[PDB]
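Chemist: Protein sequence lines, in the order shown, are assigned to chains B and A.
Residues in the first sequence are numbered consecutively from 686, following the deposited numbering.
Just so you know, the second sequence maps onto residues 154 to 190, 252 to 451 in the deposited numbering.
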Amino acid sequence: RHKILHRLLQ
Amino acid sequence: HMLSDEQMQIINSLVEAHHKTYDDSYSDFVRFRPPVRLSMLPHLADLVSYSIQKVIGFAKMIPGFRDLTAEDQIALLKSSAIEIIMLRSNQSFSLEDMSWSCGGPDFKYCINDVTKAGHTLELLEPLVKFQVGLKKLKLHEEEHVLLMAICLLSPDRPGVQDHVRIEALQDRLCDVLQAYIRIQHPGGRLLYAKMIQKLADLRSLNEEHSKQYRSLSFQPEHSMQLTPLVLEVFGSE
Ligand SMILES: C=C1/C(=C\C=C(/CCCCCC(C)(C)O)c2cccc(CCCCCC(C)(C)O)c2)C[C@@H](O)C[C@@H]1O
Numbered sequence: 686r687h688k689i690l691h692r693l694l695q
Numbered sequence: 154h155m156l157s158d159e160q161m162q163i164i165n166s167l168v169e170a171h172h173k174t175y176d177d178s179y180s181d182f183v184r185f186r187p188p189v190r252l253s254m255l256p257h258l259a260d261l262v263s264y265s266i267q268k269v270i271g272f273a274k275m276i277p278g279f280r281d282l283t284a285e286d287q288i289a290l291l292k293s294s295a296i297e298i299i300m301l302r303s304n305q306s307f308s309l310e311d312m313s314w315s316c317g318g319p320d321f322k323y324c325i326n327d328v329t330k331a332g333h334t335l336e337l338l339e340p341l342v343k344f345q346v347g348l349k350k351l352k353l354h355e356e357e358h359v360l361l362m363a364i365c366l367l368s369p370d371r372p373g374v375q376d377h378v379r380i381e382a383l384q385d386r387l388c389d390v391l392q393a394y395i396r397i398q399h400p401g402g403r404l405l406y407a408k409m410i411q412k413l414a415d416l417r418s419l420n421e422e423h424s425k426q427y428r429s430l431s432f433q434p435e436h437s438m439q440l441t442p443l444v445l446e447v448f449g450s451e
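(1) Could you tell me if the beta carbon of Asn420 of chain A falls within a distance shorter than 7 Å of some heavy atom in ligand 1?
(2) Say yes only if the C-beta of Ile296 of chain A is nearer than 7 Å to one or more non-hydrogen atoms of ligand 1, and no if none qualify.
(3) For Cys324 of chain A, verify whether its CB is less than 7 Å away from any heavy atom of ligand 1.
(4) Going residue by residue through the region 380–422 of chain A, where are the continuous beta strand (DSSP E) segments of at least 3 residues, counting only ones entirely within it?
(5) For chain A, check one thing: does any of its Cβ atoms lie closer than 8 Å to the Cβ of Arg692 of chain B?
(6) Tell me the rounded alpha-carbon separation between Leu353 of chain A and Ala363 of chain A.
(7) Helix or strand or just coil, what does DSSP make of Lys268 of chain A?
(8) Count the CB pairs spanning the region 261–280 of chain A and the region 171–188 of chain A that are closer than 8 Å, and state whether there are at least three.
(9) For the beta strand (DSSP E) that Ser313 of chain A lies in, which residues bound it at each end?
(10) Do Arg371 of chain A and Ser294 of chain A have their C-beta atoms closer together than 8 Å?
(11) Which residue comes first and which comes last in the alpha helix (DSSP H) that contains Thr334 of chain A?
(12) Hey, could you find the ends of the alpha helix (DSSP H) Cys365 of chain A is sitting in?
(13) Would you please verify whether the beta carbon of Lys173 of chain A is less than 8 Å from any beta carbon of chain B?
(14) Taking DSSP's pairing of strands, which residues face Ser308 of chain A in a bridge?
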């Protein structure tokens with residue numbers, strides 16, 4: 686739901 | 154009367170974290186959409263979107279932030295990102311100018327452009343006042359780094375679920391900051407309370423900004439100027 690944030694949080 | 158070893162590891166890994174995620178050359182500012190003097255909105259969105267990426271990089275290097283669930287990490291970042299950006303911007307805020315200074319004259323942001331980025335003095339009057347307040351504290355970078363980690367690690371944020379564990383972390387960080395001032399800051403004997411006072415100031419600025427952001431993000435001709443990161447992080451999901 687927070688696609689980018691998950692990605693950035695590795 | 155003396156910092157322990159773990160207390161000074163926390164300090165060391167936090168100062169390393171900040172040095173890796175803040176660039177005093179500001180050379181990356183030339184990859185944003187240039188500022189125009252809502253003509254300032256595209257350059258501000260880019261500036262803020264870039265800064266959010268730094269804050270996430272910094273957060274990941276805080277002892278034990280990574281060990282939270284990914285949901286708790288997102289909740290902390292969504293609520294505290296704007297406070298942390300206000301915090302770290304003190305490094306570029308000048309008292310002689312009363313502005314932020316991150317380059318030549320083009321990356322000098324002044325407040326008279328406030329309405330050009332779609333905000334009002336109702337936000338930039340307290341923000342500037344906050345920024346000179348924080349500058350007067352004349353913080354060691356240890357203390358400045360410690361306040362960001364304490365700000366980020368607030369259990370009283372919407373979305374948090376494990377507000378015991380993250381209160382423990384926040385406690386371990388204040389014990390360090392409390393002790394750092396006692397042992398290492400000359401004339402540091404009421405600085406803790408003043409700093410904690412600044413935390414509550416942030417919640418007030420946060421609010422104002424979140425109210426004003428709502429007005430932007432609801433007019434699609436303006437929200438089309440933001441970046442996807444900004445929309446996801448300052449969004450409501
Ligand atoms: C972001 C940072 C640096 C400055 C940080 C600023 C500098 C404001 C200049 C604006 C003054 C003008 C040009 C209008 O007159 C800042 C931080 C927190 C909050 C706000 C309020 C406005 C933010 C709008 C965000 C949206 C539009 C998406 O709602 C601003 C520079 C450097 O310190 C790096 C740091 O990370």
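Quick reminder that beta carbons are idealized off the backbone N, C-alpha and C, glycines included.
Modeler: Short version:
(1) no
(2) yes
(3) yes
(4) none
(5) With 8 Å as the cut-off, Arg692 of chain B does not count as an interface residue toward chain A.
(6) 15 Å
(7) helix
(8) Of all C-beta pairs linking the region 261–280 of chain A to the region 171–188 of chain A, three or more are shorter than 8 Å, placing the two stretches in contact.
(9) Residues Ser313 to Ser315.
(10) yes
(11) No alpha helix (DSSP H) holds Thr334 of chain A; DSSP gives it neither H nor E.
(12) From DSSP, the alpha helix (DSSP H) with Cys365 of chain A extends over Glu355 to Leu366.
(13) no
(14) A:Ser313
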